[PDB]
$ cat data.cif   # mmCIF, N, CA and C atoms
data_entry
#
loop_
_atom_site.label_atom_id
_atom_site.label_comp_id
_atom_site.auth_asym_id
_atom_site.auth_seq_id
_atom_site.Cartn_x
_atom_site.Cartn_y
_atom_site.Cartn_z
N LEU A 1 44.29 27.07 77.83
CA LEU A 1 43.71 28.19 78.56
C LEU A 1 42.23 27.94 78.84
N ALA A 2 41.45 27.84 77.77
CA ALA A 2 40.01 27.59 77.90
C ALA A 2 39.75 26.27 78.61
N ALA A 3 40.49 25.23 78.22
CA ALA A 3 40.35 23.91 78.83
C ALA A 3 40.66 23.98 80.33
N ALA A 4 41.75 24.66 80.67
CA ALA A 4 42.15 24.81 82.06
C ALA A 4 41.07 25.55 82.85
N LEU A 5 40.63 26.68 82.30
CA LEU A 5 39.57 27.48 82.92
C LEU A 5 38.30 26.66 83.12
N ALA A 6 37.97 25.83 82.12
CA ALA A 6 36.79 24.96 82.20
C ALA A 6 36.89 23.99 83.38
N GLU A 7 38.09 23.44 83.60
CA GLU A 7 38.31 22.48 84.67
C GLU A 7 38.04 23.10 86.04
N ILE A 8 38.58 24.30 86.25
CA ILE A 8 38.44 24.98 87.54
C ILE A 8 36.97 25.31 87.82
N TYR A 9 36.29 25.83 86.80
CA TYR A 9 34.89 26.23 86.95
C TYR A 9 34.01 25.02 87.28
N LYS A 10 34.25 23.91 86.60
CA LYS A 10 33.47 22.69 86.81
C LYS A 10 33.61 22.19 88.24
N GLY A 11 34.84 22.18 88.74
CA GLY A 11 35.12 21.71 90.10
C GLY A 11 34.38 22.55 91.14
N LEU A 12 34.39 23.87 90.95
CA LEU A 12 33.72 24.78 91.87
C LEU A 12 32.22 24.51 91.92
N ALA A 13 31.62 24.30 90.76
CA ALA A 13 30.18 24.04 90.67
C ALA A 13 29.80 22.79 91.45
N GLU A 14 30.60 21.73 91.30
CA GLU A 14 30.33 20.47 91.99
C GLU A 14 30.34 20.67 93.50
N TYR A 15 31.34 21.40 93.99
CA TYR A 15 31.46 21.68 95.42
C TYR A 15 30.22 22.39 95.95
N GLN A 16 29.69 23.33 95.17
CA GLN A 16 28.47 24.05 95.54
C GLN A 16 27.31 23.08 95.74
N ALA A 17 27.18 22.11 94.84
CA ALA A 17 26.12 21.11 94.93
C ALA A 17 26.19 20.35 96.26
N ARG A 18 27.40 20.00 96.68
CA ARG A 18 27.60 19.32 97.96
C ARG A 18 27.29 20.24 99.15
N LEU A 19 27.57 21.54 99.01
CA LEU A 19 27.32 22.50 100.08
C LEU A 19 25.83 22.82 100.28
N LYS A 20 24.99 22.58 99.27
CA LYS A 20 23.54 22.66 99.45
C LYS A 20 23.03 21.36 100.08
N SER A 21 23.37 20.23 99.44
CA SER A 21 23.00 18.88 99.90
C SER A 21 23.13 18.74 101.42
N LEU A 22 24.23 19.26 101.97
CA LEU A 22 24.25 19.56 103.39
C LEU A 22 23.78 21.00 103.60
N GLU A 23 22.64 21.14 104.26
CA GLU A 23 22.26 22.39 104.90
C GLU A 23 21.40 22.10 106.13
N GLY A 24 21.11 23.13 106.93
CA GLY A 24 20.25 22.98 108.11
C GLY A 24 20.99 23.29 109.40
N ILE A 25 21.61 24.47 109.46
CA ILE A 25 22.28 24.93 110.67
C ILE A 25 21.27 25.63 111.58
N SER A 26 20.80 26.80 111.15
CA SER A 26 19.78 27.54 111.90
C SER A 26 19.20 28.66 111.03
N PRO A 27 17.98 29.11 111.28
CA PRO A 27 17.37 30.21 110.47
C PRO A 27 18.07 31.54 110.69
N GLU A 28 18.35 31.85 111.95
CA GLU A 28 19.06 33.09 112.30
C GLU A 28 20.36 33.29 111.51
N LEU A 29 20.93 32.21 110.96
CA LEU A 29 22.18 32.30 110.21
C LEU A 29 21.94 32.61 108.72
N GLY A 30 20.93 33.44 108.44
CA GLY A 30 20.64 33.85 107.07
C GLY A 30 21.83 34.59 106.46
N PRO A 31 22.34 35.64 107.10
CA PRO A 31 23.56 36.35 106.60
C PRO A 31 24.74 35.40 106.39
N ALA A 32 24.85 34.39 107.25
CA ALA A 32 25.95 33.43 107.16
C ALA A 32 25.93 32.72 105.80
N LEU A 33 24.86 31.97 105.55
CA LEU A 33 24.70 31.26 104.28
C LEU A 33 24.83 32.20 103.07
N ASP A 34 24.35 33.44 103.22
CA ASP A 34 24.47 34.44 102.16
C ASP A 34 25.93 34.79 101.89
N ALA A 35 26.75 34.84 102.94
CA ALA A 35 28.17 35.18 102.80
C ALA A 35 28.89 34.13 101.96
N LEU A 36 28.65 32.86 102.27
CA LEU A 36 29.28 31.76 101.54
C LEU A 36 28.84 31.76 100.07
N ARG A 37 27.54 31.96 99.85
CA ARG A 37 26.99 31.98 98.50
C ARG A 37 27.51 33.17 97.68
N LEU A 38 27.74 34.31 98.34
CA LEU A 38 28.23 35.51 97.67
C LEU A 38 29.69 35.37 97.25
N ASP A 39 30.50 34.73 98.10
CA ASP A 39 31.92 34.54 97.81
C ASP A 39 32.11 33.60 96.62
N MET A 40 31.37 32.49 96.64
CA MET A 40 31.47 31.49 95.58
C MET A 40 30.90 32.01 94.27
N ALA A 41 29.74 32.66 94.35
CA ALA A 41 29.08 33.22 93.17
C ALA A 41 29.93 34.32 92.53
N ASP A 42 30.56 35.15 93.37
CA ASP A 42 31.41 36.23 92.88
C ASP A 42 32.60 35.68 92.10
N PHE A 43 33.22 34.63 92.64
CA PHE A 43 34.34 33.98 91.97
C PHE A 43 33.92 33.43 90.60
N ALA A 44 32.75 32.80 90.55
CA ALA A 44 32.22 32.24 89.31
C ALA A 44 31.85 33.31 88.29
N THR A 45 31.39 34.47 88.77
CA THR A 45 30.97 35.56 87.88
C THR A 45 32.17 36.16 87.15
N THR A 46 33.18 36.58 87.92
CA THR A 46 34.38 37.17 87.34
C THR A 46 35.12 36.18 86.44
N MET A 47 35.22 34.93 86.88
CA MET A 47 35.93 33.90 86.12
C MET A 47 35.22 33.60 84.81
N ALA A 48 33.91 33.37 84.91
CA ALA A 48 33.09 33.06 83.74
C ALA A 48 33.06 34.23 82.74
N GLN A 49 33.05 35.45 83.25
CA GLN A 49 33.01 36.64 82.41
C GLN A 49 34.28 36.77 81.57
N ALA A 50 35.43 36.52 82.20
CA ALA A 50 36.71 36.61 81.51
C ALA A 50 36.82 35.56 80.41
N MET A 51 36.40 34.33 80.72
CA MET A 51 36.46 33.23 79.76
C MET A 51 35.57 33.51 78.55
N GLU A 52 34.36 33.99 78.82
CA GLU A 52 33.40 34.29 77.76
C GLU A 52 33.93 35.36 76.81
N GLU A 53 34.51 36.41 77.39
CA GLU A 53 35.06 37.52 76.61
C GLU A 53 36.20 37.03 75.73
N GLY A 54 37.11 36.26 76.32
CA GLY A 54 38.25 35.72 75.59
C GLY A 54 39.24 36.83 75.23
N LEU A 55 39.54 37.69 76.21
CA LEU A 55 40.47 38.79 76.01
C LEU A 55 41.87 38.26 75.76
N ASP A 56 42.69 39.07 75.08
CA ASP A 56 44.06 38.69 74.76
C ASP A 56 44.86 38.39 76.02
N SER A 57 44.72 39.26 77.02
CA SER A 57 45.44 39.10 78.28
C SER A 57 44.61 39.61 79.45
N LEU A 58 44.84 39.04 80.63
CA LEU A 58 44.12 39.44 81.83
C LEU A 58 44.92 40.50 82.60
N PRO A 59 44.28 41.36 83.39
CA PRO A 59 45.00 42.44 84.13
C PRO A 59 45.59 41.95 85.45
N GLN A 60 46.67 42.61 85.87
CA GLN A 60 47.32 42.27 87.14
C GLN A 60 46.35 42.31 88.32
N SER A 61 45.40 43.24 88.28
CA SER A 61 44.38 43.34 89.33
C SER A 61 43.58 42.04 89.43
N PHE A 62 43.20 41.48 88.28
CA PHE A 62 42.44 40.24 88.24
C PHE A 62 43.20 39.11 88.92
N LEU A 63 44.49 38.99 88.60
CA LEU A 63 45.31 37.92 89.15
C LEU A 63 45.35 37.99 90.68
N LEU A 64 45.95 39.05 91.21
CA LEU A 64 46.07 39.23 92.66
C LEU A 64 44.71 39.17 93.37
N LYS A 65 43.62 39.51 92.67
CA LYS A 65 42.28 39.41 93.25
C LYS A 65 41.91 37.96 93.51
N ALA A 66 42.24 37.07 92.57
CA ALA A 66 41.94 35.65 92.71
C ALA A 66 42.70 35.05 93.90
N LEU A 67 43.97 35.42 94.04
CA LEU A 67 44.82 34.86 95.09
C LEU A 67 44.34 35.27 96.48
N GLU A 68 44.11 36.57 96.66
CA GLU A 68 43.69 37.10 97.96
C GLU A 68 42.29 36.64 98.33
N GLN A 69 41.38 36.64 97.35
CA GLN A 69 39.99 36.27 97.58
C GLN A 69 39.88 34.83 98.06
N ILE A 70 40.40 33.89 97.26
CA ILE A 70 40.29 32.47 97.58
C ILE A 70 40.89 32.15 98.96
N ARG A 71 42.00 32.81 99.30
CA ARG A 71 42.60 32.64 100.62
C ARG A 71 41.62 33.04 101.72
N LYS A 72 40.94 34.16 101.52
CA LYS A 72 39.94 34.64 102.47
C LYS A 72 38.82 33.62 102.65
N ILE A 73 38.37 33.03 101.55
CA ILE A 73 37.28 32.05 101.59
C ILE A 73 37.68 30.82 102.41
N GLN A 74 38.92 30.37 102.26
CA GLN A 74 39.41 29.19 102.98
C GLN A 74 39.44 29.43 104.48
N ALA A 75 39.90 30.62 104.89
CA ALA A 75 39.99 30.96 106.31
C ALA A 75 38.61 30.98 106.95
N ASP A 76 37.66 31.63 106.27
CA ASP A 76 36.29 31.73 106.78
C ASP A 76 35.63 30.36 106.88
N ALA A 77 35.86 29.51 105.87
CA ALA A 77 35.31 28.16 105.85
C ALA A 77 35.84 27.33 107.02
N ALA A 78 37.13 27.49 107.34
CA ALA A 78 37.74 26.75 108.44
C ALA A 78 37.04 27.09 109.76
N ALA A 79 36.80 28.38 109.99
CA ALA A 79 36.11 28.82 111.20
C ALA A 79 34.72 28.20 111.28
N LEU A 80 34.00 28.21 110.16
CA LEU A 80 32.66 27.63 110.10
C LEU A 80 32.67 26.12 110.37
N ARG A 81 33.73 25.43 109.95
CA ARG A 81 33.86 24.00 110.18
C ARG A 81 34.04 23.68 111.66
N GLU A 82 34.83 24.50 112.36
CA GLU A 82 35.08 24.29 113.78
C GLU A 82 33.80 24.45 114.59
N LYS A 83 33.06 25.52 114.31
CA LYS A 83 31.83 25.82 115.05
C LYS A 83 30.75 24.78 114.76
N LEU A 84 30.59 24.44 113.48
CA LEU A 84 29.58 23.47 113.06
C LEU A 84 29.84 22.10 113.69
N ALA A 85 31.10 21.68 113.70
CA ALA A 85 31.48 20.39 114.27
C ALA A 85 31.12 20.33 115.75
N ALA A 86 31.42 21.41 116.48
CA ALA A 86 31.12 21.48 117.91
C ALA A 86 29.63 21.30 118.16
N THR A 87 28.80 21.95 117.34
CA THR A 87 27.35 21.86 117.47
C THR A 87 26.86 20.50 116.98
N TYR A 88 27.09 20.22 115.70
CA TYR A 88 26.69 18.95 115.10
C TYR A 88 27.87 17.98 115.07
N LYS A 89 27.66 16.78 115.61
CA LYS A 89 28.70 15.76 115.64
C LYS A 89 28.10 14.38 115.87
N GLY A 90 28.74 13.36 115.30
CA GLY A 90 28.28 11.99 115.45
C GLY A 90 27.34 11.59 114.31
N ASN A 91 26.42 12.49 113.97
CA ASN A 91 25.44 12.22 112.92
C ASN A 91 26.14 11.95 111.58
N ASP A 92 25.51 11.11 110.76
CA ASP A 92 26.08 10.73 109.47
C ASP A 92 26.40 11.95 108.60
N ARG A 93 25.50 12.93 108.62
CA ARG A 93 25.69 14.16 107.86
C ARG A 93 27.00 14.86 108.23
N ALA A 94 27.30 14.89 109.53
CA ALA A 94 28.53 15.52 110.01
C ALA A 94 29.76 14.82 109.43
N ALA A 95 29.75 13.49 109.49
CA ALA A 95 30.88 12.70 109.00
C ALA A 95 31.14 12.98 107.52
N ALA A 96 30.07 13.06 106.73
CA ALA A 96 30.17 13.33 105.30
C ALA A 96 30.82 14.68 105.05
N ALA A 97 30.39 15.69 105.79
CA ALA A 97 30.92 17.05 105.64
C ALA A 97 32.44 17.07 105.85
N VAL A 98 32.92 16.30 106.82
CA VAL A 98 34.36 16.18 107.07
C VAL A 98 35.06 15.61 105.83
N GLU A 99 34.48 14.54 105.27
CA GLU A 99 35.05 13.91 104.08
C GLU A 99 35.15 14.90 102.92
N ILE A 100 34.05 15.60 102.66
CA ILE A 100 34.01 16.59 101.58
C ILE A 100 35.04 17.69 101.84
N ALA A 101 35.09 18.18 103.08
CA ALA A 101 36.02 19.24 103.45
C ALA A 101 37.47 18.85 103.15
N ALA A 102 37.82 17.60 103.46
CA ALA A 102 39.17 17.10 103.23
C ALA A 102 39.54 17.20 101.75
N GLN A 103 38.62 16.77 100.89
CA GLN A 103 38.85 16.81 99.45
C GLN A 103 39.11 18.24 98.98
N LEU A 104 38.31 19.18 99.48
CA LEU A 104 38.45 20.59 99.11
C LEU A 104 39.86 21.11 99.40
N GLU A 105 40.42 20.70 100.54
CA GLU A 105 41.75 21.15 100.95
C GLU A 105 42.80 20.78 99.90
N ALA A 106 42.73 19.54 99.40
CA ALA A 106 43.65 19.08 98.37
C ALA A 106 43.48 19.92 97.10
N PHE A 107 42.23 20.06 96.66
CA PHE A 107 41.92 20.87 95.49
C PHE A 107 42.41 22.31 95.65
N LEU A 108 42.28 22.86 96.86
CA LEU A 108 42.74 24.21 97.15
C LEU A 108 44.24 24.34 96.88
N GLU A 109 45.01 23.34 97.31
CA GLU A 109 46.46 23.36 97.14
C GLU A 109 46.83 23.45 95.66
N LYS A 110 46.22 22.59 94.85
CA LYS A 110 46.50 22.56 93.41
C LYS A 110 46.17 23.91 92.77
N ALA A 111 45.03 24.47 93.14
CA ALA A 111 44.59 25.76 92.60
C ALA A 111 45.60 26.86 92.91
N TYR A 112 46.14 26.85 94.12
CA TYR A 112 47.12 27.84 94.54
C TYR A 112 48.38 27.78 93.68
N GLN A 113 48.82 26.56 93.35
CA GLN A 113 50.01 26.38 92.52
C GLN A 113 49.81 26.98 91.13
N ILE A 114 48.64 26.73 90.54
CA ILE A 114 48.34 27.21 89.19
C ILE A 114 48.34 28.74 89.16
N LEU A 115 47.69 29.35 90.16
CA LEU A 115 47.58 30.80 90.22
C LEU A 115 48.95 31.46 90.38
N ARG A 116 49.78 30.89 91.25
CA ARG A 116 51.12 31.41 91.50
C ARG A 116 51.94 31.43 90.21
N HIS A 117 51.86 30.34 89.44
CA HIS A 117 52.58 30.24 88.18
C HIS A 117 52.14 31.35 87.22
N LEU A 118 50.83 31.56 87.13
CA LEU A 118 50.28 32.58 86.25
C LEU A 118 50.76 33.97 86.66
N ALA A 119 50.68 34.25 87.96
CA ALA A 119 51.11 35.54 88.49
C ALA A 119 52.59 35.76 88.22
N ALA A 120 53.40 34.74 88.49
CA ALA A 120 54.84 34.82 88.26
C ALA A 120 55.14 34.96 86.78
N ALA A 121 56.16 35.75 86.46
CA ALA A 121 56.55 35.97 85.07
C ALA A 121 57.27 34.75 84.51
#
$ encode --input "data.cif" --output "structure tokens"
Amino acid sequence: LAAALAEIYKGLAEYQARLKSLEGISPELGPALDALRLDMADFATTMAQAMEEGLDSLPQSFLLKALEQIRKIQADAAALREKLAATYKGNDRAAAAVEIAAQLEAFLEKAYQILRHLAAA
């Protein structure tokens, strides 16, 4: 349980580091960058809080919250990738972002499987 939770949290943190390393879209997109940071930070807050507490069992609300939330984040990220690519392309930074994005997709799949198992009785 703790070990599993540790693995997921670690992976998320690493991805964040890559998402800063690439930045520089536009200043006017302040709310944009804030949205991405709020979604990721929120996931880390709730997850980290539960692990620290070490409660006997987690609530059904918590489970379904993880599934619906993460799905929302993936959809929004996809839209951002399409727009960003159209604007920025060819540059080395753009190519790297594509590579990183691909890795995230695989990780997303694995995470979905784990959550489904937990939700299922």
$ residues_around --input "data.cif" --residues "stretch 62-70 of chain A" --least-positions-apart "5" --cutoff "7 Å" --atoms "all atoms listed in the file" --output "short mmCIF file (atom, residue, chain, number, x, y, z; two decimals) with N, CA and C atoms, in the frame of the given file"
data_model
loop_
_atom_site.label_atom_id
_atom_site.label_comp_id
_atom_site.auth_asym_id
_atom_site.auth_seq_id
_atom_site.Cartn_x
_atom_site.Cartn_y
_atom_site.Cartn_z
N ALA A 75 39.90 30.62 104.89
CA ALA A 75 39.99 30.96 106.31
C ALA A 75 38.61 30.98 106.95
N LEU A 115 47.69 29.35 90.16
CA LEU A 115 47.58 30.80 90.22
C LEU A 115 48.95 31.46 90.38
N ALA A 119 50.68 34.25 87.96
CA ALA A 119 51.11 35.54 88.49
C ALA A 119 52.59 35.76 88.22
#
$ atom_distance --input "data.cif" --atom1 "atom C of residue A:17" --atom2 "atom CA of residue A:1"
26.1 Å
$ resolve_selection --input "data.cif" --expression "the PyMOL selection byres (((chain A and resi 51 and name CA) around 12) and name CA)" --output "list in words"
residues 1, 2, 3, 4, 5, 6, 7, 8, 9, 44, 45, 46, 47, 48, 49, 50, 52, 53, 54, 55, 56, 57 and 58 of chain A
$ write_last_selection --input "data.cif" --atoms "N, CA and C atoms" --output "JSON list (two decimals), in the frame of the given file"
[["chain", "number", "residue", "atom", "x", "y", "z"],
["A", 1, "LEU", "N", 44.29, 27.07, 77.83],
["A", 1, "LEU", "CA", 43.71, 28.19, 78.56],
["A", 1, "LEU", "C", 42.23, 27.94, 78.84],
["A", 2, "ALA", "N", 41.45, 27.84, 77.77],
["A", 2, "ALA", "CA", 40.01, 27.59, 77.90],
["A", 2, "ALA", "C", 39.75, 26.27, 78.61],
["A", 3, "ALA", "N", 40.49, 25.23, 78.22],
["A", 3, "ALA", "CA", 40.35, 23.91, 78.83],
["A", 3, "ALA", "C", 40.66, 23.98, 80.33],
["A", 4, "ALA", "N", 41.75, 24.66, 80.67],
["A", 4, "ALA", "CA", 42.15, 24.81, 82.06],
["A", 4, "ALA", "C", 41.07, 25.55, 82.85],
["A", 5, "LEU", "N", 40.63, 26.68, 82.30],
["A", 5, "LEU", "CA", 39.57, 27.48, 82.92],
["A", 5, "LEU", "C", 38.30, 26.66, 83.12],
["A", 6, "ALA", "N", 37.97, 25.83, 82.12],
["A", 6, "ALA", "CA", 36.79, 24.96, 82.20],
["A", 6, "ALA", "C", 36.89, 23.99, 83.38],
["A", 7, "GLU", "N", 38.09, 23.44, 83.60],
["A", 7, "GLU", "CA", 38.31, 22.48, 84.67],
["A", 7, "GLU", "C", 38.04, 23.10, 86.04],
["A", 8, "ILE", "N", 38.58, 24.30, 86.25],
["A", 8, "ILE", "CA", 38.44, 24.98, 87.54],
["A", 8, "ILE", "C", 36.97, 25.31, 87.82],
["A", 9, "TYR", "N", 36.29, 25.83, 86.80],
["A", 9, "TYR", "CA", 34.89, 26.23, 86.95],
["A", 9, "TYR", "C", 34.01, 25.02, 87.28],
["A", 44, "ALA", "N", 32.75, 32.80, 90.55],
["A", 44, "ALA", "CA", 32.22, 32.24, 89.31],
["A", 44, "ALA", "C", 31.85, 33.31, 88.29],
["A", 45, "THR", "N", 31.39, 34.47, 88.77],
["A", 45, "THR", "CA", 30.97, 35.56, 87.88],
["A", 45, "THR", "C", 32.17, 36.16, 87.15],
["A", 46, "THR", "N", 33.18, 36.58, 87.92],
["A", 46, "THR", "CA", 34.38, 37.17, 87.34],
["A", 46, "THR", "C", 35.12, 36.18, 86.44],
["A", 47, "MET", "N", 35.22, 34.93, 86.88],
["A", 47, "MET", "CA", 35.93, 33.90, 86.12],
["A", 47, "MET", "C", 35.22, 33.60, 84.81],
["A", 48, "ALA", "N", 33.91, 33.37, 84.91],
["A", 48, "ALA", "CA", 33.09, 33.06, 83.74],
["A", 48, "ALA", "C", 33.06, 34.23, 82.74],
["A", 49, "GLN", "N", 33.05, 35.45, 83.25],
["A", 49, "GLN", "CA", 33.01, 36.64, 82.41],
["A", 49, "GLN", "C", 34.28, 36.77, 81.57],
["A", 50, "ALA", "N", 35.43, 36.52, 82.20],
["A", 50, "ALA", "CA", 36.71, 36.61, 81.51],
["A", 50, "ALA", "C", 36.82, 35.56, 80.41],
["A", 52, "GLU", "N", 34.36, 33.99, 78.82],
["A", 52, "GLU", "CA", 33.40, 34.29, 77.76],
["A", 52, "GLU", "C", 33.93, 35.36, 76.81],
["A", 53, "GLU", "N", 34.51, 36.41, 77.39],
["A", 53, "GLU", "CA", 35.06, 37.52, 76.61],
["A", 53, "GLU", "C", 36.20, 37.03, 75.73],
["A", 54, "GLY", "N", 37.11, 36.26, 76.32],
["A", 54, "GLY", "CA", 38.25, 35.72, 75.59],
["A", 54, "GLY", "C", 39.24, 36.83, 75.23],
["A", 55, "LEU", "N", 39.54, 37.69, 76.21],
["A", 55, "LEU", "CA", 40.47, 38.79, 76.01],
["A", 55, "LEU", "C", 41.87, 38.26, 75.76],
["A", 56, "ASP", "N", 42.69, 39.07, 75.08],
["A", 56, "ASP", "CA", 44.06, 38.69, 74.76],
["A", 56, "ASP", "C", 44.86, 38.39, 76.02],
["A", 57, "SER", "N", 44.72, 39.26, 77.02],
["A", 57, "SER", "CA", 45.44, 39.10, 78.28],
["A", 57, "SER", "C", 44.61, 39.61, 79.45],
["A", 58, "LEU", "N", 44.84, 39.04, 80.63],
["A", 58, "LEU", "CA", 44.12, 39.44, 81.83],
["A", 58, "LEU", "C", 44.92, 40.50, 82.60]]
$ atom_distance --input "data.cif" --atom1 "atom N of residue A:71" --atom2 "atom C of residue A:40"
12.2 Å
$ atom_distance --input "data.cif" --atom1 "atom CA of residue A:26" --atom2 "atom CA of residue A:82"
15.8 Å
$ resolve_selection --input "data.cif" --expression "the PyMOL selection byres (((chain A and resi 100 and name CA) around 12) and name CA)" --output "NGL selection string"
:A and (14-19 or 21-22 or 81 or 93-99 or 101-107)
$ write_last_selection --input "data.cif" --atoms "N, CA and C atoms" --output "PDB file, in the frame of the given file"
ATOM      1  N   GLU A  14      30.600  21.730  91.300  1.00  0.00           N
ATOM      2  CA  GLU A  14      30.330  20.470  91.990  1.00  0.00           C
ATOM      3  C   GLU A  14      30.340  20.670  93.500  1.00  0.00           C
ATOM      4  N   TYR A  15      31.340  21.400  93.990  1.00  0.00           N
ATOM      5  CA  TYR A  15      31.460  21.680  95.420  1.00  0.00           C
ATOM      6  C   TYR A  15      30.220  22.390  95.950  1.00  0.00           C
ATOM      7  N   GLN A  16      29.690  23.330  95.170  1.00  0.00           N
ATOM      8  CA  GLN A  16      28.470  24.050  95.540  1.00  0.00           C
ATOM      9  C   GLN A  16      27.310  23.080  95.740  1.00  0.00           C
ATOM     10  N   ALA A  17      27.180  22.110  94.840  1.00  0.00           N
ATOM     11  CA  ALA A  17      26.120  21.110  94.930  1.00  0.00           C
ATOM     12  C   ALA A  17      26.190  20.350  96.260  1.00  0.00           C
ATOM     13  N   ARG A  18      27.400  20.000  96.680  1.00  0.00           N
ATOM     14  CA  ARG A  18      27.600  19.320  97.960  1.00  0.00           C
ATOM     15  C   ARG A  18      27.290  20.240  99.150  1.00  0.00           C
ATOM     16  N   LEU A  19      27.570  21.540  99.010  1.00  0.00           N
ATOM     17  CA  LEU A  19      27.320  22.500 100.080  1.00  0.00           C
ATOM     18  C   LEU A  19      25.830  22.820 100.280  1.00  0.00           C
ATOM     19  N   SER A  21      23.370  20.230  99.440  1.00  0.00           N
ATOM     20  CA  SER A  21      23.000  18.880  99.900  1.00  0.00           C
ATOM     21  C   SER A  21      23.130  18.740 101.420  1.00  0.00           C
ATOM     22  N   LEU A  22      24.230  19.260 101.970  1.00  0.00           N
ATOM     23  CA  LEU A  22      24.250  19.560 103.390  1.00  0.00           C
ATOM     24  C   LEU A  22      23.780  21.000 103.600  1.00  0.00           C
ATOM     25  N   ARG A  81      33.730  25.430 109.950  1.00  0.00           N
ATOM     26  CA  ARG A  81      33.860  24.000 110.180  1.00  0.00           C
ATOM     27  C   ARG A  81      34.040  23.680 111.660  1.00  0.00           C
ATOM     28  N   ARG A  93      25.500  12.930 108.620  1.00  0.00           N
ATOM     29  CA  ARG A  93      25.690  14.160 107.860  1.00  0.00           C
ATOM     30  C   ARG A  93      27.000  14.860 108.230  1.00  0.00           C
ATOM     31  N   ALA A  94      27.300  14.890 109.530  1.00  0.00           N
ATOM     32  CA  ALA A  94      28.530  15.520 110.010  1.00  0.00           C
ATOM     33  C   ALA A  94      29.760  14.820 109.430  1.00  0.00           C
ATOM     34  N   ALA A  95      29.750  13.490 109.490  1.00  0.00           N
ATOM     35  CA  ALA A  95      30.880  12.700 109.000  1.00  0.00           C
ATOM     36  C   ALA A  95      31.140  12.980 107.520  1.00  0.00           C
ATOM     37  N   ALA A  96      30.070  13.060 106.730  1.00  0.00           N
ATOM     38  CA  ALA A  96      30.170  13.330 105.300  1.00  0.00           C
ATOM     39  C   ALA A  96      30.820  14.680 105.050  1.00  0.00           C
ATOM     40  N   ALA A  97      30.390  15.690 105.790  1.00  0.00           N
ATOM     41  CA  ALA A  97      30.920  17.050 105.640  1.00  0.00           C
ATOM     42  C   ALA A  97      32.440  17.070 105.850  1.00  0.00           C
ATOM     43  N   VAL A  98      32.920  16.300 106.820  1.00  0.00           N
ATOM     44  CA  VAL A  98      34.360  16.180 107.070  1.00  0.00           C
ATOM     45  C   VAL A  98      35.060  15.610 105.830  1.00  0.00           C
ATOM     46  N   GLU A  99      34.480  14.540 105.270  1.00  0.00           N
ATOM     47  CA  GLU A  99      35.050  13.910 104.080  1.00  0.00           C
ATOM     48  C   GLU A  99      35.150  14.900 102.920  1.00  0.00           C
ATOM     49  N   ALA A 101      35.090  18.180 103.080  1.00  0.00           N
ATOM     50  CA  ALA A 101      36.020  19.240 103.450  1.00  0.00           C
ATOM     51  C   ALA A 101      37.470  18.850 103.150  1.00  0.00           C
ATOM     52  N   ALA A 102      37.820  17.600 103.460  1.00  0.00           N
ATOM     53  CA  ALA A 102      39.170  17.100 103.230  1.00  0.00           C
ATOM     54  C   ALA A 102      39.540  17.200 101.750  1.00  0.00           C
ATOM     55  N   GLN A 103      38.620  16.770 100.890  1.00  0.00           N
ATOM     56  CA  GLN A 103      38.850  16.810  99.450  1.00  0.00           C
ATOM     57  C   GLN A 103      39.110  18.240  98.980  1.00  0.00           C
ATOM     58  N   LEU A 104      38.310  19.180  99.480  1.00  0.00           N
ATOM     59  CA  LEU A 104      38.450  20.590  99.110  1.00  0.00           C
ATOM     60  C   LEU A 104      39.860  21.110  99.400  1.00  0.00           C
ATOM     61  N   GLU A 105      40.420  20.700 100.540  1.00  0.00           N
ATOM     62  CA  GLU A 105      41.750  21.150 100.950  1.00  0.00           C
ATOM     63  C   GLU A 105      42.800  20.780  99.900  1.00  0.00           C
ATOM     64  N   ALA A 106      42.730  19.540  99.400  1.00  0.00           N
ATOM     65  CA  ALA A 106      43.650  19.080  98.370  1.00  0.00           C
ATOM     66  C   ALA A 106      43.480  19.920  97.100  1.00  0.00           C
ATOM     67  N   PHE A 107      42.230  20.060  96.660  1.00  0.00           N
ATOM     68  CA  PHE A 107      41.920  20.870  95.490  1.00  0.00           C
ATOM     69  C   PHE A 107      42.410  22.310  95.650  1.00  0.00           C
TER      70      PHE A 107
END
